[PDB]
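For reference, chains read A, B, C, D, E, F, G and H in written order, and residue numbers begin at 1 within each chain.
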Amino acid sequence: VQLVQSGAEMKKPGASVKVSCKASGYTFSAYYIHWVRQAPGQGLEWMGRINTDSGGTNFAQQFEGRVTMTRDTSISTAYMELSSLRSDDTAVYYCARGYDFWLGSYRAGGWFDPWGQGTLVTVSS
Amino acid sequence: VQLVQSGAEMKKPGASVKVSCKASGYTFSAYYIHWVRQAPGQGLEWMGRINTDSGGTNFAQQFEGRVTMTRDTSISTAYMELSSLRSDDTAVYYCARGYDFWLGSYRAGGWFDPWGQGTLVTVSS
Amino acid sequence: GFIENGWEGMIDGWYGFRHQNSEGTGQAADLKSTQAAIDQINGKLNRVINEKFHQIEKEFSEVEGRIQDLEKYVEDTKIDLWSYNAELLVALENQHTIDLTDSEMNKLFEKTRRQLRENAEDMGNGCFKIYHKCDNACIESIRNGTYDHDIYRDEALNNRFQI
Amino acid sequence: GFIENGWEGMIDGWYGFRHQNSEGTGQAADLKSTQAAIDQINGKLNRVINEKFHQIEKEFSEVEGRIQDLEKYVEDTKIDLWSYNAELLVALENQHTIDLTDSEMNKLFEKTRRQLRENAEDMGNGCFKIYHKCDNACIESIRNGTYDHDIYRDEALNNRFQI
Amino acid sequence: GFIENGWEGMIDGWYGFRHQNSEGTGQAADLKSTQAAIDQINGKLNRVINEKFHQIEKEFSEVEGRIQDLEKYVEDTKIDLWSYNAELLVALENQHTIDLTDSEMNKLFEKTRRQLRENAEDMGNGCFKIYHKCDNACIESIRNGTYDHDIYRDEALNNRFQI
Amino acid sequence: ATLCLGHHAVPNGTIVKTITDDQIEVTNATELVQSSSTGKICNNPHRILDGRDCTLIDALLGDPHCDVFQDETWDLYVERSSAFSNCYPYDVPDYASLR
Amino acid sequence: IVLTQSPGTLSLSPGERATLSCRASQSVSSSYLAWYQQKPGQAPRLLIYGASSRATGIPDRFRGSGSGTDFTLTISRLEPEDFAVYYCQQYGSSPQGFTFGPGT
Amino acid sequence: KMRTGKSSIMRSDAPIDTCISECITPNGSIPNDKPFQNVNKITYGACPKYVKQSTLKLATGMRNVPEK
């Protein structure tokens, strides 16, 4: 069970970046995929999650209007597309599988496992 | 299920006596063996019991220091050794299997079955 | 498996009861379940327990070749197949016997439980606790199927919940 | 088991419900278990229902000897083994079918029992005693799996325990 | 059966527990049931897993007639019978494996239910609702078999019945 | 205050074939039919005598090019498809029985 | 729900007890909190879930506790490999609630 | 001289290699761990029984009900 992401991308400001996350070892369409951002020298920042079956997505009220997330169940890969790149958007982007803890008829808690290796995205002129 | 004992012994006073009790028809090491004594013309008198697995013994608070009980699992025979014989020690000695009445996790009473044929021990000069 | 050990002292049946009350302890066997188990086992025995007159020669004193080897091969195949069939049949029948005996014991347990209703509560060691005064006539009634639970329900509920 | 006799009034299913309440009595079938049992039976039938073209002679008109007895022996052995296989297969399949149908009935009973919770209490004959006013919509809700037990719990417990 | 799906977060056992209390959630596996399952599975596997040296010719280079047809017929009969035996064996043993695993799960559920006594009430999805404060040591005691129901019975009865 | 019981599962398990259904998924399964061979014949613990270009009857009779098989013993004689005869033409009534 | 971690840095010698505290803005279910460890240059590794339960292969020196708005992660003995940045996460509090903590 | 034993004959083109195997087939030596084989009906030694089926899986776990 592992998640492998794309490579480093040195995109220019005012552009778009697409980062892939390939899932091998588990049923891709059965678990949510979450995208977490870690700036250099700062903590982790949750960006959003995408439902791999119905295509449903849920972001934070900080990335609305800038992040689009798509899925491809044929090749088992989750894509995060972030538009309007700026200087503060340089960070390491992770994909992690969300495991919801099911106590029978209801869910209560969970964890992020496994994680991707991370892609270093730099925005510079 | 039966219990077979030794023969009569015409021991002299101030001596020791050993009476054997061989078990056939059941697992010897699974049940207790009780020794009962019946004086000629009088009633039965419990002497003690021996655990056939761990070798533990429980006498009465009248035969302490005079009775030692041993077992032999190889031949399935339990022995009673009685020391410091006296004239009043003439009686018929019985070996009996004690069945405990297990009601699940707790025991409640029981009975003696089977009984041996009894060996008559006489003490005289 | 919730009943841990068997009873070597009950020699009048396969399944039975043991009780304790104010008037002492006792033991009784169940005829209906023992009889059901015996009938199933005997019916299975009867199905297990051919008339061949002239067959091929099976022992040979000379070395001949093709035909003798064919005869030996045919006989060996027949014996191996019937040996395997016998082994499979006995394994299956033994497994079924053990399963059906356990099922009979569980059936009797569930029948007694459904008799008792709210008047008793299972202790987990395969055997019950009754929350009202139950003499030998009471145990007899539970055993023969004529146990009326409504005439003890009030005191059983008082003893069960209100301490 | 505890269910004694089948209902010959049911012609629309295999397993079903019967009920009595203030507005009367009724019968209905449960299609989820009937379809499951039917599917298992058809599946076990599909595994039961070879193309040999040239074989040995099986009927003869002369008396020859070694060869003819060898072929008769081979054919007799094959027929005996296949007869045994057919007998064993049908016996095992019939036993399993009976067991699976009884298991489905017990499964429906246990699902209903877990649905009712502390609101009803088993009477030992396959029937439940619902301890509250259960109208026809109530029985329907128990039947389709949408029975909310938290809204009848107060009255059910009042009637169950305190007289 | 009442359990809906398996847990893919369980990699240290076959059967186990999940809980939620005031101090959070958790998971643990039961070793006694997993070990019993694997013991039965291995004991069955070892019975599933002949020495023949000189046999008849099974492939021929010429067309001869009666004897060659007899040898071919014998070989085909043996092959078909053993193929049927293999199919029936694997089918029966896979069936028995599936039922034994489900039976182990049901046994674990029933044992936990019997331990909890009147302190908890089954929710119908493979889960119990404990009607008292059950911290991590409480869940540990439930799991390892040392749970005492009499020190929580008063509070469990107060929460269960009186609102 | 709540306790759930369950069993483990795997992302993808083997399909086994049982009495009821011919496709039921199971966590783990083992193959019971050996369908592969190494293409080579081991020489232990059986004593195998490779005949090269000699049939068994050829070595029995004493074909000149089968003089390496004089007074030979085996547990399994391997006859090759390249075997040929290089002596006086002969036929054996009941060849199979003698072989 | 916003999670705050204190202290920012912990200066502890090897072999000593480490206590790390993560505080919630409002009361949250103890079933929602998880702890992660992130050594430099590696993706975070799950340590404790459910505020009390360890992961599949996490040694017995990592202990979780807490309820309400105050939660703690304790390390009984600090092994050399146990020096990293520790995060607290709330999981499942809301469809949009999966936030992390500041780090410590 | 005539002796009675375990000797037999086989027609094969497979080479000979120094190894240990209790079962010999014209296609080569095969392992005997599994109870059935589908390699060849001509066998020598301790061999699995020949069957027509290419695969036969035996369940060593429980029913798989994956998560959603």
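Things to note:
We take it that a residue touches a chain if its C-beta (ideal position, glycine included) is under 8 Å from a C-beta of that chain, and two chains touch if they have at least 3 such contacts.
The most central chain, judged by C-alpha centres against the centre of all protein C-alpha atoms, is E.
Subunit F has its Cα centroid 37 Å from the Cα centroid of subunit E. Inter-chain spacing, taken between the CA centroids of subunit B and subunit F, is 69 Å. Averaged C-alpha coordinates give centres for subunit F and subunit H that are 6 Å from one another.
One finds 59 Å separating the Cα centroids of subunit A and subunit C.
Within subunit G, the positions touching two or more other chains are listed as 31, 33, 49-50.
In subunit C, 66-67, 70, 74, 77, 81, 92, 161 are the positions where the chain touches two or more neighbouring chains simultaneously.
Residues of subunit H in contact with at least two other chains: 6-8, 11, 33-36, 44-45, 51, 53, 56-68. Chain pairs that touch, as defined above: A-E, A-F, A-G, A-H, B-C, C-D, C-E, C-F, D-E, D-F, E-F, E-G, E-H, F-H.
Residue ranges on subunit C touching subunit D, taken from their complex, read 47, 50, 52, 54-56, 67, 70-71, 74, 77-78, 81-82, 85, 89, 92, 96, 107, 110-111, 114-115, 117-118, 154, 157, 161. The touching residues of subunit E, when paired with subunit G in their complex, are 11-12, 20, 22-27, 136. Across the complex, subunit E meets subunit F through its residues 3, 5-8, 10-11, 13-22, 45, 48, 57, 86, 90-92, 94-95, 97-98, 101, 105, 108-109, 112, 120, 123, 125-134, 139, 142. On the subunit F side of its complex with subunit C, the touching residues are 94, 96-98. On subunit G, the positions that touch subunit A within their shared complex are 29, 31-34, 36, 38, 43-46, 49-50, 55, 85, 87, 89, 91-92, 95-96, 98-103.
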